[PDB]
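> This one is an experimental structure. Sequence first:
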Amino acid sequence: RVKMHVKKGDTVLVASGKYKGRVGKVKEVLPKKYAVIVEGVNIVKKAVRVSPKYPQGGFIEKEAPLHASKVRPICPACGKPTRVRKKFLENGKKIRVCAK
Amino acid sequence: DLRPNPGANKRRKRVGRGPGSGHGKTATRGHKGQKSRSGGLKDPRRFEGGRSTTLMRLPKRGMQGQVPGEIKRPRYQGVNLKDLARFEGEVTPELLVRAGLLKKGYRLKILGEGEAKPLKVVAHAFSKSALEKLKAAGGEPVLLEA
Amino acid sequence: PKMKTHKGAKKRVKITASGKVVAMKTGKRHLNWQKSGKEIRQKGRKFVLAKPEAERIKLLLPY
Amino acid sequence: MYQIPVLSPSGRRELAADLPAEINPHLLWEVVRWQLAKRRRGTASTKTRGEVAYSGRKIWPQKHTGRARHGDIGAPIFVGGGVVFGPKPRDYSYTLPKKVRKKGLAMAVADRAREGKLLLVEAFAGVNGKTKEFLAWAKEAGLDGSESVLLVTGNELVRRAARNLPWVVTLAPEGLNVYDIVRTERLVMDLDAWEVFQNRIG
RNA sequence: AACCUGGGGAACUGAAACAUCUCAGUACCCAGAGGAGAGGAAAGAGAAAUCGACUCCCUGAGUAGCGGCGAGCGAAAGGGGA
RNA sequence: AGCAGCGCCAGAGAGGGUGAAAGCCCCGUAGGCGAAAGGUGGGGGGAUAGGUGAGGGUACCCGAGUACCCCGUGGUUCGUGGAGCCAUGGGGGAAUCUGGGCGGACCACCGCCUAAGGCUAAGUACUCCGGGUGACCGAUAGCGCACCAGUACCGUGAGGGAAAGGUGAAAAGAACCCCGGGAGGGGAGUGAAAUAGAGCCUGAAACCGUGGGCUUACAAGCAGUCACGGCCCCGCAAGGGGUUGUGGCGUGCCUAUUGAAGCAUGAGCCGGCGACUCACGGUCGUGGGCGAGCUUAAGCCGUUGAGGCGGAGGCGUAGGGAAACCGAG
Ligand SMILES: [Mg+2]
Ligand SMILES: [Mg+2]
Ligand SMILES: [Mg+2]
Ligand SMILES: [Mg+2]
Ligand SMILES: [Mg+2]
Ligand SMILES: [Mg+2]
Ligand SMILES: [Mg+2]
Ligand SMILES: [Mg+2]
Ligand SMILES: [Mg+2]
Ligand SMILES: [Mg+2]
Ligand SMILES: [Mg+2]
Ligand SMILES: [Mg+2]
Ligand SMILES: [Mg+2]
Ligand SMILES: [Mg+2]
Ligand SMILES: [Mg+2]
Ligand SMILES: [Mg+2]
Ligand SMILES: [Mg+2]
Ligand SMILES: [Mg+2]
Ligand SMILES: [Mg+2]
Ligand SMILES: [Mg+2]
Ligand SMILES: [Mg+2]
Ligand SMILES: [Mg+2]
Ligand SMILES: [Mg+2]
Ligand SMILES: [Mg+2]
Ligand SMILES: [Mg+2]
Ligand SMILES: [Mg+2]
Ligand SMILES: [Mg+2]
Ligand SMILES: [Mg+2]
Ligand SMILES: [Mg+2]
Ligand SMILES: [Mg+2]
Ligand SMILES: [Mg+2]
Ligand SMILES: [Mg+2]
Ligand SMILES: [Mg+2]
Ligand SMILES: [Mg+2]
Ligand SMILES: [Mg+2]
Ligand SMILES: [Mg+2]
Ligand SMILES: [Mg+2]
Ligand SMILES: [Mg+2]
Ligand SMILES: [Mg+2]
Ligand SMILES: [Mg+2]
Ligand SMILES: [Mg+2]
Ligand SMILES: [Mg+2]
Ligand SMILES: [Mg+2]
Ligand SMILES: [Mg+2]
Ligand SMILES: [Mg+2]
Ligand SMILES: [Mg+2]
Ligand SMILES: [Mg+2]
Ligand SMILES: [Mg+2]
Ligand SMILES: [Mg+2]
Ligand SMILES: [Mg+2]
Ligand SMILES: [Mg+2]
Ligand SMILES: [Mg+2]
Ligand SMILES: [Mg+2]
Ligand SMILES: [Mg+2]
Ligand SMILES: [Mg+2]
Ligand SMILES: [Mg+2]
Ligand SMILES: [Mg+2]
Ligand SMILES: [Mg+2]
Ligand SMILES: [Mg+2]
Ligand SMILES: [Mg+2]
Ligand SMILES: [Mg+2]
Ligand SMILES: [Mg+2]
Ligand SMILES: [Mg+2]
Ligand SMILES: [Mg+2]
Ligand SMILES: [Mg+2]
Ligand SMILES: [Mg+2]
Ligand SMILES: [Mg+2]
Ligand SMILES: [Mg+2]
Ligand SMILES: [Mg+2]
């Protein structure tokens, strides 16, 4: 509960810092930390790997989660605050003026 | 006129003294110096001679008390007819207390200094002297009875 | 919290409208015997105090 | 002083007043000091060696131990121990003589008039509680927003308007008080209020 | 937890010793009550042919009085309030 | 998010967060809406239990080991006092309104009230609990506990009772090579920064060390100071800094004392903790408001860091006397 926010698995712009500007599908949202994942901060883990299984495990420059606040959702007009509007039955989220 | 300088009036200067210092008031306290300068001293007004007090003097106050004590009894408030001149109309217990110089003191007694303005002045008692003062220029009406 | 008046003093000392402190003279209640008329006549009246007079007033308070 | 600017549709009709002439600088202070002490919460407390937790067991013999004589760990020489003359909570209020409060109110409002900044108004065209309206009314009124303003008014909607403006201090008429008056640059008040200010004194 | 009521109930200490007195009906022990507990519709007040249950605050008042009349202790009625 | 440019919102410019300093990014804020279920709920409504008349006669009833009296005590402002009132351990022991109790011994008068059965909301007290706010603390503070604390540990036991918070924006937590058994390091790498590298922000002092400058093995010392001189260093020089050779001078600090370098007290050293406060009431002084006046207390209304109402009451305007009383005396 309450832990909910800005977006979810979908499409998003990053008004952040390093990746200020970039846009991308949020392949991840973890609310316990308040952090999403797009394709922005993606830094390098020199690490072999933690668990011995699967010998090699990757220097992978994997996708470093973001403060869920540095990303904004987006439509025809890109990057808008979200409004919540009620249909005739449910709750769908209109945007700064558009919808979806 | 703003919060800068509506400041205190060049002299209400709050400034308590501090006795831990090194220069001012120092090893000892504000004063001190010695011993029996610690947590207290016997009184020292009324009390400590160290000896037989200067209540060598002696109760005269005949009628100090009695178990049930104070005896209710009509007390009279002296008001001069010099502070009477202060107005014109019909001066009465109600009035002198209603504003000024009576104050619930069950009984009005006009008396004494000043010159009497010719007028009615009800009260519970007058001065042999003040009865004159005004009786020689106006109405003296006396207290209640029943 | 509110000093209490000192009843012992109340019971034996008046503070005069100017500010003096009056007491009955000591010495007139049984040392008595043969003492001049003067002696015990003189003892009959009130006197005025001094430095303890100030000590005195401190007690008689709401008084 | 005397002639104070009034507003209405029909224009500036500068009406007069009977506010003091002399401003006791000090007295204002006395009142502002007072408004500010009475508004305190007592709230700061600390534990004497009494309220502190530790047992009272005298910590050692005090003899032939050859450590320094001691009682309980509660004692303030001890770290963790109880505080000495640390603050208990308390009432900071005092009753400033009414007459003094009154003088001050006058003199405050007084001060601001002689300067010029006092403006009684009326033509509150700022219909409903919508900043943008009062913002407009403020414009065509000589309230650039450049100077701090204590709007005093009965009109709760006018109140609603000014509210969220950083340069403004809305406040019902009876709320008039000297800290606030001085606290600010311009005094602007509804005539219905300056009437009630004249009630408390006029 | 604390608050409350009843049964029981200290001493240091103060009095510049101390015993009455004080500390204090406090500390504590015990029984009970509860969202409170007590008190409560006059065999009352106390001096006005007056008031009109009870409880709480302001006041009365450090007054009335109590007191090895020491140290100290310390009301009520009435008045303003809830 | 700073600076700049041009905009907008505001019943919302409380506050928090986001890589630093954001009304407009995020969570909020103002304003406004919501309960099937459980709890609460006379505030509104309804109903039931109950309740309400006037005169005359009658003298039936109106709370018993009770009133009352005495002995012993308690409560009260009341300490045996002139000692009532209320309460009651012991003894005696009534009446039913021609009854009884009280109004401070007692009596007479006048007046008040109806004991010896019980119940009664509100106003009041408190704070384990939830929330809001702070001229409240900021890890030796604040609760004993910000941390896995009533723990560890200590006591047979009652019981006592600690210490211990902080990488970074993100773990990106340092692959890989090298020396080493490891630890730990050196490179490489990440990071804005790694003397931010993992009890890792800042990182003071005591304390230990390495390098450099001046200095010291015929010299006497509260360890410094004054002078001159040599050396080293900064500046073009006039100058300054460091060091100390010789000469002059020179009895630590605090405490306590007639008197301390004192062979009197205290102190290994450093860091942090550590002692004249507040409340009420007095009394002087002082800044100010008002003035023969001045001032409100609880509280009520307002607000939600707005004030106002509230004269009960207090101080003052008359003193003197033990008092009755009299009164500028
Ligand atoms: Mg941004
Ligand atoms: Mg002492
Ligand atoms: Mg002697
Ligand atoms: Mg005088
Ligand atoms: Mg004679
Ligand atoms: Mg008095
Ligand atoms: Mg204790
Ligand atoms: Mg403990
Ligand atoms: Mg030792
Ligand atoms: Mg503490
Ligand atoms: Mg209690
Ligand atoms: Mg003693
Ligand atoms: Mg003693
Ligand atoms: Mg003593
Ligand atoms: Mg008890
Ligand atoms: Mg219960
Ligand atoms: Mg309640
Ligand atoms: Mg109850
Ligand atoms: Mg009961
Ligand atoms: Mg009855
Ligand atoms: Mg009763
Ligand atoms: Mg009647
Ligand atoms: Mg004696
Ligand atoms: Mg007592
Ligand atoms: Mg109330
Ligand atoms: Mg109340
Ligand atoms: Mg514009
Ligand atoms: Mg901000
Ligand atoms: Mg809903
Ligand atoms: Mg609702
Ligand atoms: Mg109710
Ligand atoms: Mg009906
Ligand atoms: Mg019926
Ligand atoms: Mg009949
Ligand atoms: Mg009996
Ligand atoms: Mg009797
Ligand atoms: Mg007794
Ligand atoms: Mg008795
Ligand atoms: Mg006795
Ligand atoms: Mg009797
Ligand atoms: Mg009996
Ligand atoms: Mg009688
Ligand atoms: Mg009779
Ligand atoms: Mg709480
Ligand atoms: Mg709380
Ligand atoms: Mg605190
Ligand atoms: Mg701690
Ligand atoms: Mg620590
Ligand atoms: Mg805790
Ligand atoms: Mg053990
Ligand atoms: Mg790792
Ligand atoms: Mg390495
Ligand atoms: Mg390799
Ligand atoms: Mg091996
Ligand atoms: Mg390791
Ligand atoms: Mg840095
Ligand atoms: Mg560093
Ligand atoms: Mg390590
Ligand atoms: Mg380490
Ligand atoms: Mg270091
Ligand atoms: Mg060098
Ligand atoms: Mg040599
Ligand atoms: Mg050098
Ligand atoms: Mg020595
Ligand atoms: Mg020594
Ligand atoms: Mg010694
Ligand atoms: Mg030390
Ligand atoms: Mg030693
Ligand atoms: Mg004081």
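The structure has been received and is ready for your questions. Numbering: from 1, shown residues only, chains lettered A, B, ... in the order given. Ligands and ions are numbered 1, 2, ... in the order given.

> all contacts plus neighbour counts: C-alpha atoms, from now on.
Will do.

> Need the CA coordinates for stretch D:33-44. CSV is fine.
Output of stretch D:33-44 as CSV, limited to C-alpha atoms (Å, rounded to 0.1, in the frame of the first residue of the first chain):
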residue,chain,number,x,y,z
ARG,D,33,8.0,41.5,23.1
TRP,D,34,4.9,40.5,24.8
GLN,D,35,3.1,39.1,21.8
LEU,D,36,6.1,37.0,21.3
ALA,D,37,6.6,35.6,24.7
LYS,D,38,3.0,34.7,25.2
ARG,D,39,3.2,32.7,22.0
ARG,D,40,5.9,30.4,23.3
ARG,D,41,5.4,26.8,24.3
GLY,D,42,7.1,25.8,27.6
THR,D,43,8.1,22.5,26.1
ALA,D,44,11.9,22.2,26.9
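
> Quick one: residues in contact with it.
Residues from elsewhere that reach stretch D:33-44 (CA atoms under 8 Å, 6 or more residues apart in numbering or on different chains): D:87-94, D:96, D:179.

> Kindly report the same for stretch C:25-37.
Applying CA under 8 Å, 6+ apart, the external contacts of stretch C:25-37 come out as B:56-58, C:40, C:43-47.

> Make TSV out of those residues and add distance to residue B:36 and neighbour count.
Rendered in TSV, the data for the contacts of stretch C:25-37 read as follows (distance: CA to CA, whole Å; neighbours: other CA atoms under 10 Å in any protein chain shown):
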residue	distance to residue B:36	neighbour count
B:56	26	10
B:57	29	15
B:58	31	17
C:40	43	17
C:43	39	16
C:44	41	14
C:45	40	12
C:46	37	15
C:47	34	13
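
> Identify those among these that sit within helices.
residue C:40 (DSSP state H).

> Now, the contacts of stretch C:25-37 that are in strands?
C:46-47 (DSSP state E).

> With adjacent residues omitted, what lies nearest to residue 3?
You didn't pick a chain, so chain A it is. Excluding its sequence neighbours, the residue lying closest to residue A:3 (CA to CA, 6 or more residues apart in numbering or on different chains) is residue A:31, at 6.0 Å.

> that's the wrong chain, I wanted chain D
Distances taken as CA to CA, 6+ apart put residue D:16 closest to residue D:3, at 4.2 Å, once the chain neighbours are dropped.

> just residue A:29 next, same as before
With sequence-adjacent residues excluded and distances taken as CA to CA, 6+ apart, residue A:29 is closest to residue A:36, at 4.1 Å.

> Secondary structure element for the spatially most central residue of chain C, which one?
Central residue check for chain C by CA atoms, centre = their mean: the C-alpha nearest the mean position is that of residue C:23, 2.1 Å away. In the assignment (DSSP states H and E), residue C:23 maps to strand C:21-24.

> so what strands line up beside that strand?
Sheet partners assigned to strand C:21-24 using DSSP bridges are listed as strand C:14-15 (antiparallel), strand C:46-48 (antiparallel).

> export the ones you listed to a markdown table and tack on distance to ligand 8?
Output for those, formatted as a markdown table (distance: least, CA to the ion, whole Å):
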| stretch | distance to ligand 8 |
| --- | --- |
| strand C:14-15 | 55 |
| strand C:46-48 | 61 |
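
> circling back to that earlier point, for the residue nearest to residue D:3, give me the backbone phi and psi.
phi -100, psi 170 (degrees, to the nearest 10).

> distance of it from ligand 8?
Here residue D:16 is placed at a distance of 72 Å from ligand 8 (CA to the ion, to the nearest Å).
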